[PDB]
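What follows is one structure encoded as structure tokens, with my remarks underneath.
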Amino acid sequence: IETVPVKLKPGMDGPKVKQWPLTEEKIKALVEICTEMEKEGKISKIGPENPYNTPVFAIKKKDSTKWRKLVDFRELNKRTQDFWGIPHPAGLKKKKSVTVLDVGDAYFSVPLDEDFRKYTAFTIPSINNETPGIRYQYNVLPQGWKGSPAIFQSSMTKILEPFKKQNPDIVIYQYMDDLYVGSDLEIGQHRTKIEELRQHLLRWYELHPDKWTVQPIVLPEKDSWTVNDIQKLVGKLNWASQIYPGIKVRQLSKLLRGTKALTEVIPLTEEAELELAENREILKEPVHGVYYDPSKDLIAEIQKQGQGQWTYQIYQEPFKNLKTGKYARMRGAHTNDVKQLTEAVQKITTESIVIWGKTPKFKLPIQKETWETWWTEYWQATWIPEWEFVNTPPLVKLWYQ
Amino acid sequence: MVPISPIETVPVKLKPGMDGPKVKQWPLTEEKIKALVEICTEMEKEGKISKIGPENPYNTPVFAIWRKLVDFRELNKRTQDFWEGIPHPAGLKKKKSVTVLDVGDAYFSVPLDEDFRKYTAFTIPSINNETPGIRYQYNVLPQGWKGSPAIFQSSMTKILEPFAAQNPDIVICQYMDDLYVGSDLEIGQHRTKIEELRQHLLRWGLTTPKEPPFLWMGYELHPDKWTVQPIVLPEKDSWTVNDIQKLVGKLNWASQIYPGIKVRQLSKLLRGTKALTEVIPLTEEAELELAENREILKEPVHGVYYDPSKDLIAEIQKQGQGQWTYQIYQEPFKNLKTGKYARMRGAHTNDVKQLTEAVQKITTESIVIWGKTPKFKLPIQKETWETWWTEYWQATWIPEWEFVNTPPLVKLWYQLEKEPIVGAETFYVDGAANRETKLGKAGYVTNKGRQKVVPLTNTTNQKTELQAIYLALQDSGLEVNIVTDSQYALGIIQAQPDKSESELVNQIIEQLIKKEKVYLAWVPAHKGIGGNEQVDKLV
Ligand SMILES: N#Cc1ccc2c(Oc3ccccc3OCCn3ccc(=O)[nH]c3=O)cc(F)cc2c1
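The structure is reproduced here in structure tokens:
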């Protein structure tokens, strides 16, 4: 009920980001929703003396036909003062199950700092520029802004105090508009406990981190190797030598002596099998001196394997993976690559939030224009990670498969 | 006297760390002075400005051309930043009656922030400067002020909102000083509602008075069709850079309704620019291009208006040399609009990528203009696109579309095998070059004993790494395996170009097309891999 004074970083003006084109249906949804929000005192119409603007569009969450309003507060977030720090619950990723909840409805109670409101300005765009866009600014706490959960941390603490004093074994984390609840219960007991917590929040996505672990580097096991097989093996091992100290390939490359046809079978010598075995033993061990630096950015690279299969690696320094994975999940996306990529980025970002507490910077295997054209049509998350575009085909693609 | 409705002012502040502008006044002829006095007198009588005194240390220059010309340059440099594309005729919906209303004294009908009026002060110099100049300040929006258009626009919108809400059976478009009102009502009802509207504007003190065809923003707007205003292409035996910029500009502007407009051969002359004075001759390609553009601009072509109850269709055709053209229509042979797309600046490329990019462009433009994605008619087989997007290393997508058979069709010219080929020869290739003497060697050795090493003058490592592959492609059967240690060459070939700027790469492509099956393998260099003879190209 009381507004806490919020400012910006020294030497940084408010966000002035271009509003991108929207389809007619999304514009209608935004008009209706923002009308309703205006009638509820959540947002208010502003004059032209407000030069700031933040992009806004509409989506549809999982198992819901109701349109939702999403704001790209990225620029505003990076221009918003660094809010100060609760250490990330490292026990969250170690829990058997974790449920994601959308507590965004609770933010619209706390009013926003009057002086800061002009920075949350946004515009609903008109079709064919026939009429000037509708301009709004937030009066309460806007969903997506990094300052909102920071301001609502105390309130959320006072609200969730009885539940935490009741079930101390249930880990609770909060990121943006999302609330993560980790437990070791049973899926039925889990769902009932989630109903209990959500009604607990009322009167005031089912993830399984235990099924998500880290994957190693494996080598093929054959009875008869071809020249091509041994060549690929040597390439993979040579690549892996950047990550592991003792990988040697001289005895395997010794087999490739002479010019043989790629499909010709070569029997492995004893030294070669010994070397391969030693390399396996080395690969079974974890990587040497791999740590997480909270002061550095997280980098997430994604490779398209095909047939719905995607691979990803999260790291900070090259050849020092903090996380590896393979998104093979198929829902409704069979004929669409960009949709699959979007869902993959969402999941990876989610896991990144669970593990480290922040979002990574993606390196996407897609042309800038394609992604920029279609990524909003399949986005369902309330947060938005950073990304860049790699337009040169990586050779390492089949080395993670 | 009926009270004209109060228009709430917009709070204007200067940029922090600044005060009101203070610039001296320039000497004017007595004619100018008298004219400005006569103007500002009746201006004061109308309540647009007011007399002030020495209490205001702020002043901005003013000239006269009678017409008063106040310079707010420095005040613009001191004024804060405000908010605020033109509507496209193709997106406009066909209406039975359309009225154009231009409000006279647009800025002078909107009150200025009273706490900001003190900064819009100017001084008319008296004769011979034997007296302190006459002092004035603006009480309304000044002509040429930074904040005038935005504030006037917002005011106009605030005034128009209730009439629009109360009249859903008529559509209103707002643009600067003008309002455009369309309706499908009867002409009498329409004129009545127009009079109602200008009455509603008169309540707030806005005075309103053109007939089709409307000459608006380079467009000609007819009741049932739209086009562009006649394009004037100068014909000079001696061209300059600025003339090429103007020419390309006009061609671009004309290309939104005139299909087939090409501008590549004229745009290639704009490299190494920023010198506005030059004499650049044209190639036969450029002369024929401009002549073809004159051939298209020979007879006028019109576009129709948008009808929401019909599908939106966009058809694309390849024009060659990175050029693509498209037509957006709903009914056959009746275009809503047309357009073109030129390939980006790259070293290697293919048709599918350029087509995709084009599709993206048309999609964005369409979402801007009509607020929806059109169905696409593309010159590419479903199986071609299928194979492409399924075997592409990047993620790619094209919205709902259908194959139209109007040549030239976009195809895949070659497809690398995923696995090594049984019964095919195996070419271990390699190439290297001396960094100092620019002398290199490129060649191969095969499993059947076939070898070759070619000496090359003036070349690089990468050029030889490509040359070896080219050699392998030349002297091999319809099916061939190729082993290389060049990450560069593999990096190029995996990007699947069908056209390149390097002749060597182009020749490699031409060789690839003639093949049935080609498997390209990669290996680490200098790892003592037999077959991969680096020692054969090092001598
Ligand atoms: N000078 C001038 C100018 C004039 C009109 C403009 C304009 O007409 C409309 C304004 C409001 C509702 C419908 C309108 O039209 C749709 C298509 N359309 C156009 C002309 C005609 O004669 N008939 C017809 O069907 C829209 C616009 F965006 C700019 C306009 C500019």
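Residue numbers (the numbering used here), protein chains in the order written: chain A, 950 to 1350; chain B, 11 to 549. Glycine included, each C-beta is placed from N, C-alpha and C at the ideal position.
Continuous beta strand (DSSP E) stretch holding residue i: start and end
i: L466(B); result: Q461 to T467
i: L346(B); result: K344 to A352
i: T456(B); result: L449 to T456
i: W236(B); result: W236 to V238
i: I338(B); result: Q333 to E341
i: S1013(A); result: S1013(A) -> no beta strand (DSSP E), and no H or E assigned at all.
Residue i: CB within 7 Å of a non-hydrogen atom of ligand 1
i: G192(B); result: yes
i: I1008(A); result: no
i: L102(B); result: yes
i: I182(B); result: yes
i: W226(B); result: yes
i: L207(B); result: no
i: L346(B); result: no
i: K235(B); result: no
i: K105(B); result: yes
i: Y315(B); result: yes
i: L231(B); result: yes
i: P97(B); result: yes
i: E341(B); result: no
i: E1079(A); result: yes
i: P219(B); result: no
i: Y185(B); result: yes
i: residue 581(B); result: Past the edges of chain B, shown from 11 to 549, lies residue 581(B), and the structure says nothing about it.
i: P384(B); result: no
Closest Cα partner of residue i within the set the options
i: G1195(A); options: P1235(A), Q1180(A), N1002(A) and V1214(A); result: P1235(A)
i: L1041(A); options: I1119(A), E1227(A) and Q1262(A); result: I1119(A)
i: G63(B); options: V33(B), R145(B) and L102(B); result: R145(B)
i: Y438(B); options: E299(B), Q461(B) and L189(B); result: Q461(B)
i: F118(B); options: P97(B), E54(B), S107(B) and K106(B); result: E54(B)
i: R1147(A); options: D1054(A), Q1164(A) and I1083(A); result: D1054(A)
i: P1314(A); options: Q1329(A), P1343(A), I1333(A) and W1328(A); result: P1343(A)
i: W214(B); options: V181(B), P223(B), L257(B) and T167(B); result: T167(B)
i: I379(B); options: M354(B), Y339(B) and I197(B); result: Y339(B)
i: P954(A); options: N1026(A), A1039(A), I982(A) and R1066(A); result: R1066(A)
i: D1246(A); options: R1280(A), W1305(A), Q1254(A) and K988(A); result: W1305(A)
i: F1338(A); options: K1310(A), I995(A) and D1242(A); result: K1310(A)
i: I182(B); options: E1318(A), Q1115(A), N1077(A) and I1302(A); result: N1077(A)
i: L419(B); options: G330(B), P222(B) and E288(B); result: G330(B)
i: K392(B); options: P384(B), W407(B) and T383(B); result: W407(B)
Extent of the continuous alpha helix (DSSP H) run through residue i
i: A174(B); result: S158 to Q176
i: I503(B); result: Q497 to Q504
i: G1184(A); result: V1176 to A1189
i: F1112(A); result: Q1102 to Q1115
i: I49(B); result: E40 to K55
i: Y480(B); result: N471 to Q484
i: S376(B); result: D361 to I379
i: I518(B); result: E513 to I523
i: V1287(A); result: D1286 to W1305
i: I197(B); result: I197 to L212
i: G1137(A); result: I1136 to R1152
Where residue i falls, given that 16 or more other Cβ within 10 Å makes a residue buried
i: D247(B); result: exposed
i: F1032(A); result: exposed
i: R304(B); result: exposed
i: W532(B); result: buried
i: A1099(A); result: buried
i: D1021(A); result: buried
i: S15(B); result: exposed
i: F1268(A); result: exposed
i: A285(B); result: exposed
i: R1084(A); result: buried
i: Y1349(A); result: buried
Every unbroken alpha helix (DSSP H) within the segment 259-343 of chain B, with a cutoff of 4 residues, ordered by chain: 274-277 and 294-306
- prompt: Counting only runs that start and end within the segment 109-148 of chain B, where is the beta strand (DSSP E) found for 3 or more residues in a row?
  reply: 131-134 and 144-148
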